[PDB]
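One chain comes next, on its own, written out as C-alpha cells in the form deposited without its partner chain.
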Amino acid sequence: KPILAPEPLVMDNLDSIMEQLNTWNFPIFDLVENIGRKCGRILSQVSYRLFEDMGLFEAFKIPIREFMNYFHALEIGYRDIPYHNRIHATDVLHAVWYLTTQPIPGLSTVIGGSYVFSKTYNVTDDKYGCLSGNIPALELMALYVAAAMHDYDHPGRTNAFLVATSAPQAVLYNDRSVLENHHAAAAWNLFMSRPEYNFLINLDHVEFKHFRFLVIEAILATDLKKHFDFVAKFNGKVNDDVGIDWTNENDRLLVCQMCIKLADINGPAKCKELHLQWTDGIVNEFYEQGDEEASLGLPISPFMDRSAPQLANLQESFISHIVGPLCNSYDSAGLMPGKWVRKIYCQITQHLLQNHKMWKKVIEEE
C-alpha cells in the first residue's frame, strides 16, 4: 500500500513559524513542537514551502499531490532515532536553500529563464548575488531533493561500525560509502515504487537522467571519508587561472557538493542554543552504538563511551579538522552569505568562531 500525504496537504496553523525560514537560525525545534514530535510531517511541510518560495512547482509543472505523497513517504522512512531523523533532513534542506538563495556580497549573477529566485530575495543592490542566479533550476532542485533524501533510513550507526561488524549493508555495498549508497538507493527505490510518488513526471527522459545523476552525486558527497578530497579539489579550482567557471557543469556540480556538505554539518555554525541541541542528538546516537560495540565485544569507538564522555573534545576537534576548513574554503571562494557593513559581516563564520571558542574554554576548565 502507498503511504499518502495526510489531512489537507498543506497545514494551515504553521504560518508564523514558516515565515522565519528566511533566517539562518530557523527555530526548527519550535516547529517540531508546533506540529507534534512524532507526527511525521515536518519534512514535507517545509519542502512544500521552500519549493513554493522558489516557484519550482511552476518551473517543472510538478503536481503537488504526488510531491507531498513522496515527501511524506520519505519522512516516514526516517527512523525515530536521536539525530539521523526527519528533523535533521529538514534542517539540511533548509540550510542548502539558505546557502543557495540568500544574498552573497560581491557575487556576480546571471539574471538578478532556466533559473529561479526566492521570494525572500529583496536586495536590488548590484553588490549582492545568490547561487540560484548561477546554478540552473534543475540542478538546484536536485540539490534540494538530495538534502531531503540524504540520510533516508539511517540505522543510527556509522559506516565503520557497519563495516567492522560485516553488517548485511556493508557486504552489499562492498564496504564503500555504505550508508550514503543506501540512503540514495532506498530513497530512489521508494520514488520509483509507486506512480502516486512521481512528481518529476514532466521532466523529459534526458532531464530525468541528469537529475537522478545530480541527486546521487550530492548524496554520495556527504560521506566524510571523501571530505579532504572534495575540499582539496575545491581549493584547487578556486586558486587556478580562471577560478569557478559558472558555465562549466563540473564546476557547478562541485559547488553544489560543497553546499550540501556544509548544510549537512551546519550545526556548529548555528547559534549556541541550536548547536547544543543537535550535539546532544549526535552523541546520544554515538552512545547507543558504543553500547552495541561493548555487547559485541568490540572496543568502544572514540567519543562513544557514555561512561567516559569527551563531548567538548569531540566538538572542538570536529570544528578544527572538518567544519573549520570547509567553511574557510567556501568563504575563500566568496560563496558565504553575508552583509556589507567596505567590510563584510558573515553570521555563519561568526557563529562557528564563537562555538569554537566556547568548546575551547570548556576544555581549559576540565
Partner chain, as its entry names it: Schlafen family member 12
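Positions refer to the first chain, counted from 1.
The same protein also exists as the form solved in complex with its partner chain; that form is not shown, yet it is the one meant from here on.
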Checklist entry - Does its partner chain come within 4.5 Å of any heavy atom of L224 in the deposited complex? => result yes
Next on the checklist: Please tell me whether any heavy atom belonging to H321 falls inside 4.5 Å of a heavy atom of its partner chain, as the geometry stands in the deposited complex.
Outcome noted: yes
Checklist entry - Is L311 one of the residues lying within 4.5 Å of its partner chain in the deposited complex, judged by heavy atom distances? => result no
Next on the checklist: At 4.5 Å between heavy atoms, is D204 in contact with its partner chain in the deposited complex?
Outcome noted: no
Next on the checklist: Checking a candidate spot here: are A160, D241 and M304 all in contact with its partner chain in the deposited complex (at least one heavy atom each within 4.5 Å)?
Outcome noted: yes
Checklist outcome for this item: Given 312-320, 28-36, 54-62, 41-49, the stretch touching its partner chain in the deposited complex at heavy atoms within 4.5 Å is 312-320
